[PDB]
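Just so it is clear, none of the values below were taken in a lab; they were calculated from the coordinates. All Cβ positions, even for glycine, are placed from backbone atoms using ideal geometry, and neighbour counts span all protein chains on display.
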Amino acid sequence: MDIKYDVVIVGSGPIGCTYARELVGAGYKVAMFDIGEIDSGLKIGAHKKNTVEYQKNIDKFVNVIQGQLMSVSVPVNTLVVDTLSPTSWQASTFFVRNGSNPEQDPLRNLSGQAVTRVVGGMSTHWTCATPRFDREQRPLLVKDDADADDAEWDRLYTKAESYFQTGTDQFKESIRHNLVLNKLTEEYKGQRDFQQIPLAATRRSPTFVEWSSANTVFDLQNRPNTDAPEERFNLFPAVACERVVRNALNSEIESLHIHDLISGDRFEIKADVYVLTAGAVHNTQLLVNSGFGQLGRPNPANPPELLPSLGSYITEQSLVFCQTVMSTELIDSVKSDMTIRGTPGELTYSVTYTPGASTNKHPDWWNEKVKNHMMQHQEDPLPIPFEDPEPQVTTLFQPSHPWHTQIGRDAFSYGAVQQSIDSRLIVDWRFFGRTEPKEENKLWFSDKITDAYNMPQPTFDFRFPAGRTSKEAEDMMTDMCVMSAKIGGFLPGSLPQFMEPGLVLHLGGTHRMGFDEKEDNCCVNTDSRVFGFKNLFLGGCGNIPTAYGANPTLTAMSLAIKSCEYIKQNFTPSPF
Amino acid sequence: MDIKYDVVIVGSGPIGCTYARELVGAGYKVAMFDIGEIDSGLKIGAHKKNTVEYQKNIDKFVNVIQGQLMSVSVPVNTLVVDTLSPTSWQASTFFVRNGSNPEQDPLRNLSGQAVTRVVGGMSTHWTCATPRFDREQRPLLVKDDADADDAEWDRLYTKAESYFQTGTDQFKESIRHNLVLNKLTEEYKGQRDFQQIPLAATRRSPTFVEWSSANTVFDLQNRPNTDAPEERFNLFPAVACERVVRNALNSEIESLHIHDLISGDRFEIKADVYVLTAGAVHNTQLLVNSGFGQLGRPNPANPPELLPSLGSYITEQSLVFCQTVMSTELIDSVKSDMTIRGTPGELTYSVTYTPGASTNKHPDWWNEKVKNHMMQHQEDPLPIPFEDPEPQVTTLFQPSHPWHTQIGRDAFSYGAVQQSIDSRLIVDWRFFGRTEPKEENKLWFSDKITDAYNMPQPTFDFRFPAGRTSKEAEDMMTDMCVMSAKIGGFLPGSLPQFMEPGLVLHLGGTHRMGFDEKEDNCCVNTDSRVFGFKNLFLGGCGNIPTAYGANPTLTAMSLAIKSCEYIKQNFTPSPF
Amino acid sequence: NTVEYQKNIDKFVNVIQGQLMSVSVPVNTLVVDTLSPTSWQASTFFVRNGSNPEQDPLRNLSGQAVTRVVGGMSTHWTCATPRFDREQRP
Amino acid sequence: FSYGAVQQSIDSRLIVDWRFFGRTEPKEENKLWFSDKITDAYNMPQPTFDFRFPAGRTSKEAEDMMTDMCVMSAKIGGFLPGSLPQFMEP
Ligand SMILES: *Cc1cc2c(cc1C)Nc1c([nH]c(=O)[nH]c1=O)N2C[C@H](O)[C@H](O)[C@H](O)COP(=O)(O)OP(=O)(O)OC[C@H]1O[C@@H](n2cnc3c(N)ncnc32)[C@H](O)[C@@H]1O
Ligand SMILES: *Cc1cc2c(cc1C)Nc1c([nH]c(=O)[nH]c1=O)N2C[C@H](O)[C@H](O)[C@H](O)COP(=O)(O)OP(=O)(O)OC[C@H]1O[C@@H](n2cnc3c(N)ncnc32)[C@H](O)[C@@H]1O
Ligand SMILES: *Cc1cc2c(cc1C)Nc1c([nH]c(=O)[nH]c1=O)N2C[C@H](O)[C@H](O)[C@H](O)COP(=O)(O)OP(=O)(O)OC[C@H]1O[C@@H](n2cnc3c(N)ncnc32)[C@H](O)[C@@H]1O
Ligand SMILES: OC[C@H]1O[C@@H](O)[C@H](O)[C@@H](F)[C@@H]1O
Ligand SMILES: OC[C@H]1O[C@@H](O)[C@H](O)[C@@H](F)[C@@H]1O
């Protein structure tokens, strides 16, 4: 570890790796710090789902997710256990136990919100859905020129899509995918468009998908190295970043204070530029720990000196969920083009079809897979091949259906996985609603209570705003119930429900972007630069100030590409 | 990858790595293949619990375990779901579905048995308890001379313990550990002795333990390298070993058939010595796929050509579990030496002790920690410090209580982790019974059903033997009830129970060791060589032919060490 | 004492549960945070569904209950009638 | 008076219940009192408890009793999963 770098990035998720990729490639001496460790295989910060074992045992991956999602704010527990032995030590009060937060009102929380501390961040476990936001969900980069605004966003998105390797044909020859996609397309013909979820992923084989991650964006190997001899990069895992030091004039950051978790020692790191990409919650924590905003329960009677909007206007999406069991009619349609020569198991059994026949309801790639399945496996009563990938269908947010949708199978299952019903029959439904930014909705940090890293404990003051947010959320639920029924009935144990506020992990607006600090109620400008400070930048979903339904990561990445263009224009790399 | 090695080892668990450590050390050219991949970070095959984050959020680690335990044999599911929508597709039978094994009798299973496919094997997640077996539990390595047998075991264990870095001092200054240990010592005074569970681990810091693993035994780095420029070792991950090829006379192995899972390519690898350390289930799977023992449902009318005892006499331990909530008396005794005045939270409150007083119940370090906790956290009603490590207590197996005991906190929790009761109060109790080896208890492999790697599907025919094993399992239950009540009453949700057969993962005797193939009904000799074959060696818990209650891994290692002594005596390494 | 209850012994528990009314039920503080945003939800754990705001949940006899029928609890009891020995007896 | 769902996979002929009842020391501090403001379903003052099992002999005996039940019951059989040894609600 050196003492001085051109650039220092806090956090090694995909947004920090965006800044790494742009600035390391542009010749800056870059240091990156993460509080978590390299745990993930030889490809540093790669997707954990990319092993042969998780791709043969994809029901198990939920365990990896759960194992690295740690709850942000757990209210004091009031459950009554009144069947302890009389000899056992027993509480007189509901006192603060097990890491809980006494500042947290249980009824105004985002109880599902969680954070991940591993190199690569949450991109080590994510679903990889990278849709663009349309105008209605997206903040303005240009004022007073819609066409120019769209042009700027299209340029940033096309880059971001390239970094992530976003694509929309990786599931094109999945039977289950097309079964679902075709039925919904038909059902909403002239009303709604359905397509594959855009995915940051590259298919390698018919049974393997290489899912994208922070590693894809930047490979996180220290530099110079053989393949990049003139670049300069160091990653320092197990380093808790604690405070950015402000000059007295509140115009420049002078250092970053770090705590090495292995040695236990503390250090002051100097940079020309400081970039915080520690996620929506922890970027906010790090700033409040540094004198930005207001530490403690909000007190309107005392304006903070800096960033009064910090941690207000936070948004989290409502999420509805269910699973369906494929209708008999749809399953029968899978085998419609087949010729079935008699009784299964017995000599009188050929399964054939006519390639290219114009009476055929399905393509030839579909019939050949069904044929070979029905012939290699004549005990099995379903026409869906055993290896066939899950659907990945969406109809994107529009004004007449203002929610995002993901239809298929997500690795994050929410209950014990059922085993009685054949898995090929099961389709998940997740609808995601947008939340109006409101000043009263707040993430703040205690001035007494601390977390397991000794930083001020985060505390939420959150309710879904009345009015449109709440109206839409319920309309969204009914839409899921109506649409899902076209495919099949609900699976008992996965009936239509709202998920725990915040489980969806799409928290935005904790350090929101705008043109003007005061009139837009924001903390950073459209360069992601913190108002008043020359050399401090913030990256991630915390930047997004709008009400959005779709998954925010590609959009945060686009914003980070723009911020890097500013940094490149205003700071010069040190000589090599 | 070469065609030709001195030694090939199949499996990179800690037994594999014992063979590599000995043979790579002695100058042999070694290759190891593992079906799974590297994913413990830059330390290949290291313990996944060695992150600062896991050791701060101890509850979370069970997810990692559950993530990489895949059930060996799941019977066909016959759960009735009769609340499907009438439009959903439903079969009219309980057909073979979702990977289940139609060979498996649900009533004669080890349903909790499971395997792990990752470089470092189960040592990447284990508990690291490494006790010796006493004579009663241990196979003979020398007959008719008890002193020479004790001497050989002592030598081999001692060597095993240096490999794993086993110790009994890492929890010595935990208040909770000492509280439980002292009370148990006092209560059974001169009927039973208690001590710390011997653990393969080194404490780094008051709040961090470096848990040992395969990596501790052998770092798994390709050699030659700057640290070992004369050594020759290559690891090949993502390689499924499928068959060993026998010569016509069944006196030697001629090659190893493998399948590179990333590329799809198949190869036959040549070696002088072939070592199988694929685990108790998979070593057997591979032998049977190579024409040892018998494929398919056991048929005593058709004797096997080779190794007639392969897969019979299997043992797996009974396990009984509860948790307790610490007694008021025990908790009050934590502060026995303190003078407490005034009222918590007021400026008049104080807590003090008399250092060195010979009438103090506890040592100065105890009293200092309690004092600082009670003075700094006057809102907390417990005298135990917040990061006190957990208890790690055992009373080892003896003839008058012939079960192993582990008292404390295990990372493998079995239910939802409860939050109402302060974790500082909770003590886990696991007692492990020994199971008599019986011929009728079998692991066999289907001749038609294959597993997710297209190998013969494992199937169990198992029941705890009547007579001694059963009598002891139920006496062991009563023993856990009786001892645990000395410390406190049962935690609701964790009441005294037998765990699922095989959940404990101490399967033994699948390829058991003995002096004589016929008279001892076994598969390998005391050099772990397969009878008949000059150059084929098996390693692991599969070898242990006795009824044991203690954790087997250290014992299997000690056998691997002896095996390597035989290899050094009978094969010469190739010149560098 | 019906032929049906002594043929279906498992079912009589329902009769017992049906006439045991809880004596003191503390205010409920279970958190249900998966309601639709359009549903009415109050801001506190207010006194709801017949609960008793005087009751400390941690110093209760939560299982205690009463029966208001002619014959009282002798309409459902187990009928066990031991004598007390001296130690137990006033 | 069964306490949970009735299990149907184990033949009811095998199943034996165990209930052990401890004695509780009478203590002035254990009280049943009635609210001067809250009323029950029949317009009468709401009953409220302030109870804990007394430390000392009551509590020691109760734990000794739970242990005795684990010891005695094992002479007849192992525990039925779902009805493991437990204290019931006060
Ligand atoms: C967990 C989850 C998340 C997402 C999906 C599903 C699952 C189950 N699916 C997904 C999501 N995003 C979408 O756009 N599409 C989808 O299909 N998920 C969210 C996505 O995963 C995040 O939006 C994205 O990674 C966030 O990127 P980031 O801003 O770079 O933040 P990360 O949380 O990934 O990484 C931050 C990082 O910094 C570290 N850290 C935290 N505090 C410190 C301090 N104080 N010092 C140093 N380092 C710090 C963390 O350790 C972490 O790596
Ligand atoms: C999972 C677990 C295990 C243990 C404890 C707790 C938990 C939850 N605690 C524990 C253990 N044992 C102890 O003595 N002490 C305790 O405190 N656990 C058991 C222990 O972990 C095992 O006994 C030990 O690893 C076995 O060592 P091994 O014989 O080297 O076998 P592994 O299963 O670790 O590794 C074998 C290995 O080979 C691979 N494989 C499997 N099949 C193939 C084929 N066909 N080709 C190539 N490679 C193969 C695996 O992927 C694996 O790595
Ligand atoms: C419910 C139950 C009870 C017993 C056991 C099993 C179960 C599930 N088994 C048991 C019993 N006791 C035995 O010694 N051995 C066993 O094997 N149980 C308890 C027993 O049932 C009670 O001890 C007994 O009936 C008490 O008799 P009681 O003192 O006569 O009181 P009851 O509660 O039976 O009847 C009182 C009664 O008067 C009424 N009432 C209440 N308030 C008013 C007012 N304000 N005005 C007029 N009447 C009032 C009730 O309606 C009731 O009928
Ligand atoms: O809860 C899982 C969901 O998590 C969200 O964070 C993702 O963006 C979705 F893709 C995913 O379906
Ligand atoms: O199931 C957990 C148990 O697993 C067994 O494999 C271990 O040996 C114990 F150490 C551990 O407590």
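Is it true that A:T158 is of a type in the set (V, I, T) and touching a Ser or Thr at 6+ places or on another chain (Cβ under 7 Å)?
On the way: of a type in the set (V, I, T): yes; touching a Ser or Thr at 6+ places or on another chain (Cβ under 7 Å): no.
The answer is no for A:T158.
Within the stretch A:46-63, count every residue that is farther than 20 Å from B:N98 by Cβ and aliphatic (A, V, I, L, M). Explain how you work it out, then say what you get.
Taking the stretch A:46-63 as the starting set, the residues that turn out to be farther than 20 Å from B:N98 by Cβ are A:46-48, A:50-51.
If we keep only those that are aliphatic (A, V, I, L, M) too, we end up with A:46.
Total satisfying the criteria: 1.
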_Just to verify a result, which residue in the stretch A:495-515, among those that are within 14 Å of chain C (Cβ to nearest Cβ) and touching a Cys at 6+ places or on another chain (Cβ under 8 Å), is farthest from ligand 5 (Cβ to nearest atom)?_
A:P496
*asked:* Filter the stretch A:536-558 down to the residues that are at negative phi and in a loop (DSSP other than H, G, I, E, B) and list them by number.
replied: A:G539, A:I544, A:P545, A:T546, A:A547, A:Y548, A:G549, A:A550, A:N551, A:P552
*Does the stretch B:316-338 contain at least one residue that is more than 14 Å from every other protein chain (Cβ to nearest Cβ), away from ligand 5 (no atom under 16 Å from the Cβ), over 24 Å from B:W366 (Cβ atoms) and over 34 Å from the mean Cα position of the chain (by Cα)?*
no
*Only one residue in B:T216, B:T207, B:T202, B:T185 is hydroxyl-bearing (S, T, Y) and within 16 Å of B:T394 (Cβ to Cβ). Which one?*
B:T185
*From the set of residues in the stretch B:425-461 that are touching a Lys or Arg at 6+ places or on another chain (Cβ under 7 Å) and more than 21 Å from B:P106 (Cα to Cα), which is farthest from ligand 3 (Cβ to nearest atom)?*
B:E436
*Candidate set: the stretch A:428-442, residues that are out of contact with any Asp or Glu (no Cβ under 8 Å at 6 or more places or on another chain) and closer than 10 Å to A:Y313 by Cβ; chosen: the one surrounded by the fewest Cβ atoms within 10 Å (Cβ to Cβ)*: A:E439
*Considering only the stretch B:270-368, give the strands (runs of 3 or more DSSP E) lying wholly within it that have at least 2 residues that are surrounded by 15 or more Cβ atoms within 10 Å (Cβ to Cβ).*
B:319-326
*Just one of the numbered conditions (1) in contact (Cβ under 8 Å) with a residue 12 or more places away in the chain; (2) within 7 Å of another protein chain (Cβ to nearest Cβ); (3) not charged (D, E, K, R) is not true of D:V6; which one?*
(1)
*asked:* I'd like to verify a number: residues in the stretch B:369-405 that are part of a strand (DSSP E or B) and surrounded by fewer than 17 Cβ atoms within 10 Å (Cβ to Cβ), how many?
replied: 1
*asked:* Regarding the stretch B:536-558, can at least one residue be identified that is more than 12 Å from ligand 2 (Cβ to nearest atom), under 15 Å from B:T277 (Cβ atoms) and more than 22 Å from the chain's Cα centre (by Cα)?
replied: yes
*Which one of these is free of Cβ contacts under 8 Å to residues at least 60 places away in the same chain and more than 8 Å from every other protein chain (Cβ to nearest Cβ): C:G50, C:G18?*
C:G18
_Out of the residues in the stretch B:555-566 meeting the condition of being of a type outside the set (G, A, S) and buried (at least 24 other Cβ atoms within 10 Å of the Cβ), tell me which one is nearest to B:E231 (Cα to Cα)._
B:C564
*Go through the stretch B:115-146 and count every residue that is within 13 Å of ligand 5 (Cβ to nearest atom) and of a type in the set (S, T, N, Q).*
4
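Among the residues of the stretch B:72-89 satisfying the criterion of being surrounded by fewer than 16 Cβ atoms within 10 Å (Cβ to Cβ) and either of a type outside the set (A, V, I, L, M, F, W, C) or in contact with a strand residue (DSSP E or B) (Cβ under 6 Å, 6 or more places away or on another chain) (or both), which is nearest to the other protein chains (Cβ to nearest Cβ)? Steps first, please.
Kept after step one, since they are surrounded by fewer than 16 Cβ atoms within 10 Å (Cβ to Cβ), are these residues of the stretch B:72-89: B:78-83, B:85-86.
Imposing the further condition that a residue be either of a type outside the set (A, V, I, L, M, F, W, C) or in contact with a strand residue (DSSP E or B) (Cβ under 6 Å, 6 or more places away or on another chain) (or both) reduces the set to B:78, B:82-83, B:85-86.
Details: B:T78: 8, B:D82: 9, B:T83: 5, B:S85: 2, B:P86: 8 Å.
The qualifying residue nearest to the other protein chains (Cβ to nearest Cβ) is B:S85.
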_Being surrounded by 13 or more Cβ atoms within 10 Å (Cβ to Cβ) and aliphatic (A, V, I, L, M) is the filter here; which residues of the stretch D:38-70 pass it?_
D:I38, D:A55, D:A62, D:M65, D:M66, D:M69
*In the stretch B:466-478, which residue that is crowded, with 22+ Cβ neighbours inside 10 Å and more than 10 Å from chain D (Cβ to nearest Cβ) is farthest from B:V427 (Cα to Cα)?*
B:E472
_Hits in the stretch B:246-266 (condition: surrounded by 15 or more Cβ atoms within 10 Å (Cβ to Cβ) and not in a loop (DSSP other than H, G, I, E, B))_ = B:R246, B:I253, B:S255, B:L256, B:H257, B:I258, B:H259, B:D260
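Confirm whether B:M513 is surrounded by 24 or more Cβ atoms within 10 Å (Cβ to Cβ) and either small (G, A, S) or more than 16 Å from ligand 3 (Cβ to nearest atom) (or both).
Numbers: surrounded by 24 or more Cβ atoms within 10 Å (Cβ to Cβ): yes; either small (G, A, S) or more than 16 Å from ligand 3 (Cβ to nearest atom) (or both): yes.
For B:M513, the condition - surrounded by 24 or more Cβ atoms within 10 Å (Cβ to Cβ) and either small (G, A, S) or more than 16 Å from ligand 3 (Cβ to nearest atom) (or both) - is met.
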*asked:* Pairs needed: first member in the stretch B:179-205, surrounded by 16 or more Cβ atoms within 10 Å (Cβ to Cβ); second member anywhere, of a type in the set (G, A, S); C-beta distance under 6 Å; at least 6 residues apart or different chains.
replied: B:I197/B:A129; B:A200/B:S212; B:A201/B:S212
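Is it fair to say B:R97 is farther than 16 Å from B:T555 by Cα, within 14 Å of chain A (Cβ to nearest Cβ) and of a type in the set (D, E, K, R)? Spell out the reasoning first.
Values: farther than 16 Å from B:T555 by Cα: yes; within 14 Å of chain A (Cβ to nearest Cβ): yes; of a type in the set (D, E, K, R): yes.
Answer is yes for this residue.
Any residue at all in the stretch B:449-456 that is farther than 18 Å from B:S494 by Cα, in a helix (DSSP H, G or I) and either more than 16 Å from ligand 4 (Cβ to nearest atom) or not hydroxyl-bearing (S, T, Y) (or both)? Write out each step before concluding.
Narrowing the stretch B:449-456 to residues farther than 18 Å from B:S494 by Cα: B:449-456.
Filter again for in a helix (DSSP H, G or I), leaving none.
No, the stretch B:449-456 contains no residue that is farther than 18 Å from B:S494 by Cα, in a helix (DSSP H, G or I) and either more than 16 Å from ligand 4 (Cβ to nearest atom) or not hydroxyl-bearing (S, T, Y) (or both).
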*Is it true that B:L156 is within 14 Å of another protein chain (Cβ to nearest Cβ), more than 30 Å from B:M326 (Cβ to Cβ) and assigned to a helix (DSSP H, G or I)?*
no
*Tally time: how many residues in the stretch A:206-227 are touching a residue at least 60 places away in the same chain (Cβ under 8 Å), in a strand (DSSP E or B) and more than 24 Å from the chain's Cα centre (by Cα)?*
1
*Taking B:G112 and the conditions (1) away from chain A (no Cβ under 11 Å); (2) among the small types (G, A, S); (3) away from ligand 5 (no atom under 16 Å from the Cβ), which numbered condition does it fall short on, given that it satisfies the others?*
(3)
